[PDB]
Structures are given as C-alpha cells and as structure tokens.
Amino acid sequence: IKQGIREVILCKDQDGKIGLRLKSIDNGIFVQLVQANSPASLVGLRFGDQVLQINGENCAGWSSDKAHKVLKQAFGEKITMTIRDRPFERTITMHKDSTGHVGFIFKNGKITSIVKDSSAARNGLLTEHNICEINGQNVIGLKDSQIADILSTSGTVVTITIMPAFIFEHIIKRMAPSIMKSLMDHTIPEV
C-alpha cells in the first residue's frame, strides 16, 4: 500500500473502454471493478483505489453516475488521474506453520475466526474483514475453494490485503457476483 497521492495516465482501448467502474463512498470516488487486460489494469489501478482527480477536476462529492459520465466524455488520447492507493485496506504478513496454515477460517471472503497461537494471531489479523488480495493478486469474487488454493500454492510467506467488511460490502453494492468472478482482474500483475 503506497502512502500518498500518485498520478496515472490512461489511454482508452480500441473499443473506447478503460476497464473501470467507480463507486461513490463518503463523498469520494473509489474503484469497484478493474477489468482484466484493460488500460486501468495495465497502469496498475486496483480495487479500492481512491480517485482524487480526473483530468485535473476534483472527484469530491461526485455520484458514481457523474464519474462514469466524465470518463465517457474524456478525449480517449490521454486521461490523467490522481490516486490514493487502497486507502480503506491494510496488508498483513504471516508465516505458514509446519502443516501449511497461517491460522484463520473465512466464509465468502470474510475472515470469521482467528486460530489460537497462529501467525494470524501473532500478526493481529482481524475477523469481519474481507480478503481483497493475496500476495498482490486480487481474489475478490473468486470461490472460497480457489482462495484456499491460492493460499496453499503461495510460499511460507503470505501477504493478505484486507478491508473492513462493512466498507467492502458498501463498495461492491450493485455489482453482480458473476462480473466479480468473471471480469474482476485476478492476474498476477505484469512486469
């Protein structure tokens, strides 16, 4: 999680898309969706990012509709944005035990139990928190079984990005679970 305000420069694809849906939260604008292999993904926009400006206009108090409107009108050639990185999220680094567990239980992405004397317990993992990312890979909308698989196929060191469940549930309001499963970018980021 980068701790300040960064600039990104986007270019609409051939179809006039940038691969983004935005959501009004708390009189700010936040990324709700980033499409796989989109301009948004390529420049490193992530679920939960806060859009502070689009082409030098403040996003404060915009509706989701106005934000999507503003992206439609923009000259495709070059869109600038100012971004706060995942400001509602935090990162937690854990170490797997000899049996391959970081030490928590979760249901529909939300951590529900912390196991006594686990890495999760020592690193202060919290319940009623939704898993957004595992080792920088977005897992939002993936089945519980696949999130377990991605945890099992990570090394002994597991970084998990988490969001308070209330906040997460407010952000994904009005996005179909199939769009999340199907289109939400879940690739290991390119270099």
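Position 1 is the first residue in the sequence shown; the rest follow in order.
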For the C-alpha atoms alone, is the average B factor greater in 55 to 63 or in 126 to 134, going by the entry? 55 to 63
Which of the two stretches, 138 to 146 or 159 to 167, shows the higher mean Cα temperature factor in the record? 138 to 146
Specify which of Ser41, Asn27, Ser154, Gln50 carries the largest Cα B factor in the deposited PDB entry. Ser154
Compare the C-alpha B factor of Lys72 with those of the other modelled residues in its chain, then answer lowest, middle or highest third. highest
Is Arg84 in the lowest, middle or highest third of its chain when residues are ranked by C-alpha B-factor? lowest
Consider only the C-alpha atoms of the modelled residues in this chain, order them by B-factor as the entry records it, and name the third containing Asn108: lowest, middle or highest. middle
Going by the CA temperature factor in the PDB record, which third of the chain does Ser98 belong to: lowest, middle or highest? highest
